[PDB]
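Written out below as C-alpha cells is the structure these notes cover.
Rule-based calculations on the coordinates, nothing more; no lab input. Here the Cβ positions follow ideal geometry from the backbone for every residue, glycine too, while neighbour counts run over all protein chains shown.
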Amino acid sequence: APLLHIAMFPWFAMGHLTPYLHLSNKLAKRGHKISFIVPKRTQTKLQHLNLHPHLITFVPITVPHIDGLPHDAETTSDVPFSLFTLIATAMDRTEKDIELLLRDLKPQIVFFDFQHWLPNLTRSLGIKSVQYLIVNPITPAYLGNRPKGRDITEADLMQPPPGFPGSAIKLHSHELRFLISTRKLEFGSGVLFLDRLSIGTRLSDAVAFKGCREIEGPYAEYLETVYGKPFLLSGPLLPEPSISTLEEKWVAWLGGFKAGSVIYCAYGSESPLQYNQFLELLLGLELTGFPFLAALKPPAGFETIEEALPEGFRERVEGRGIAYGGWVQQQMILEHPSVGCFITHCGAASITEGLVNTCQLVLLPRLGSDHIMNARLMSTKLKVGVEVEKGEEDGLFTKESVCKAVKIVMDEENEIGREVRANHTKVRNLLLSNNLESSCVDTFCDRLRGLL
C-alpha cells in the first residue's frame with residue numbers, strides 16, 4: 001500500500017480547517033505525509049489537534065489584507081458574516097503563494113473546497129485535485145440539479161430534483177426564502193458562490209465527502225450520475241479515542257445527577273445568538289425542570305454570559321442548570337453517563353458526535369444550507385432525533401417550542417421518544433461497527449491512489 005503525499009487546502013474557517021485536520025490524522029495514521037496549508041496565526045489554534053507531527057506538517061500562509069477587512073484578519077472567526085466575501089477574496093489572492101508552495105513541496109494530491117482556480121493550478125503541475133467538501137452530500141444533491149430554463153423559485157425546491165433518490169424534503173417558508181436568496185450570493189472576487197463550488201466540482205479529479213455508503217452513499221452515487229465523475233466517501237470520521245480527563249468542575253457537577261438526566265445544549269456556541277433567541281432558549285431549558293448545561297457564546301451586544309442572563313434566572317436554576325460561556329470538552333461531556341439529551345445546531349461535526357453517543361438528539365439547526373438539510377436528514381429520514389419547531393415565516397423558536405422537543409425525547413413513555421432513541425441506536429451500532437471506519441478510509445485511499 002504505497003504512501004501518499006497530500007496537501008490539505010481548506011477554506012479559511014475553523015469549521016473547515018478542523019474537519020480537514022481530523023481527516024489528516026486518519027490518513028497520517030496510515031503513513032501518508034500531509035502538508036496542511038493554514039493561515040499563519042490560526043496555526044497556533046490547531047497545532048494541538050495534530051496527532052502525527054512527524055507526518056502532518058503545517059504550511060502557514062499570509063492571508064492577504066483586503067480593503068474592509070480588520071487588521072490581521074485570517075478566517076471567518078475574525079469578521080461578521082457580511083465580510084466573509086472579503087475573506088474569500090483574500091483566499092483567491094493567495095494563488096501565486098500556493099503555486100510556489102505546490103512547486104517546491106510537490107504533493108501528489110491537493111484537497112480543496114472553495115478555490116475554484118485550484119484544479120487548473122494543480123493540473124498544470126501534474127498534481128491531482130480532490131474537492132473535499134465539509135457538507136453532507138444530501139445538501140448539494142437535493143438543492144441542485146433541477147432543470148434550468150428559468151430562475152429557481154421557492155416552489156421549485158419543494159420538489160426533489162429529477163432522479164433524486166428519495167421523497168421530497170420538508171422545507172419551511174423561512175428556510176425556502178433563505179435557500180432561494182443564497183443562490184444569488186456573491187462570494188469573493190465577484191464570483192457567484194454557486195459558480196465557485198461548481199467549477200471546483202467539475203474541474204477536480206474527484207469530489208469527496210465525509211460519510212459511509214449506508215447513509216451518504218446514495219447521494220454520492222446520485223451526484224456521480226449528474227456530473228459523470230468520481231464522488232468519494234472518506235468514512236464517518238469518528239472522533240479518535242483520546243485518553244483525556246474531563247474538567248473536574250464537570251466530572252463533579254455531572255456526577256451529582258441521575259444517569260441520563262442532564263441536557264447538554266451547544267446551540268449558540270458557534271456564533272452569538274440575537275438576544276431574543278438567547279433568552280427563549282435559556283428560558284426554554286429552565287422550563288423543562290431538567291438539569292441542563294448550556295455551552296454558548298454571549299449574545300449579540302453582550303460581552304459575558306452573566307451580563308446577559310435574565311434577572312432571577314441564576315437563582316431559579318441554582319442546582320438544575322448552568323449557562324457557561326467558556327470552552328468545553330464537548331465529546332467528553334457527551335461521553336458522561338449523566339448526559340441524556342443533546343441540543344445540537346446541526347453542524348456536521350456536532351452531528352457525528354451526538355450520533356456516536358447514547359444521548360437523545362434535539363435538533364435546533366442554525367440557519368444554513370447544510371444545517372437545515374442535516375436536521376431534516378436526522379429528523380425526517382433517519383428519524384434519530386426531534387427538531388425544535390420554529391415560526392413558519394420568521395424562523396424563531398420559543399421557550400415552549402424548546403421545552404417540547406426536550407420533553408418529547410426525555411419522556412421514556414413518549415412513542416416518538418422511543419422511536420428516535422431506537423433509530424439513533426441503529427445508526428450508532430453501524431458507525432461503531434468493527435470494520436466500518438477503518439475500511440472506509442482504506443477504500444478511500446485505494447480510490448485516491450487510483451487517481452494517480
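Restricting to the range 399-424, give me the number of residues that are in a helix (DSSP H, G or I) and without any contact (Cβ under 8 Å) to a residue 40 or more places away in the chain.
Final tally of qualifying residues: 7.
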message: All but one of (1) surrounded by 14 or more Cβ atoms within 10 Å (Cβ to Cβ); (2) in contact with a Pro (Cβ under 6 Å, 6 or more places away or on another chain); (3) over 30 Å from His65 (Cα atoms) hold for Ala168; state the number of the condition that does not hold.
response: (1)
- line: Sole miss for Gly395 among (1) surrounded by 24 or more Cβ atoms within 10 Å (Cβ to Cβ); (2) on the phi > 0 side of the Ramachandran plot; (3) not basic (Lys, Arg) is condition (1)
query: Where in the range 20-118 are there helices (runs of 4 or more DSSP H), lying wholly inside it, with at least 1 residues that are aliphatic (A, V, I, L, M) and farther than 21 Å from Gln131 by Cα?
result: 43-46, 84-92
- request: Filter the range 126-150 for residues that are touching a residue at least 12 places away in the same chain (Cβ under 8 Å) and either surrounded by fewer than 13 Cβ atoms within 10 Å (Cβ to Cβ) or assigned to a helix (DSSP H, G or I) (or both) and give the result.
  value: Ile138, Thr139, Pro140, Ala141, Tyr142, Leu143, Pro147
query: So which residues in the range 192-205 are more than 21 Å from the chain's Cα centre (by Cα), under 18 Å from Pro10 (Cβ atoms) and not hydroxyl-bearing (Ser, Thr, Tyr)?
result: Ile199, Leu203, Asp205
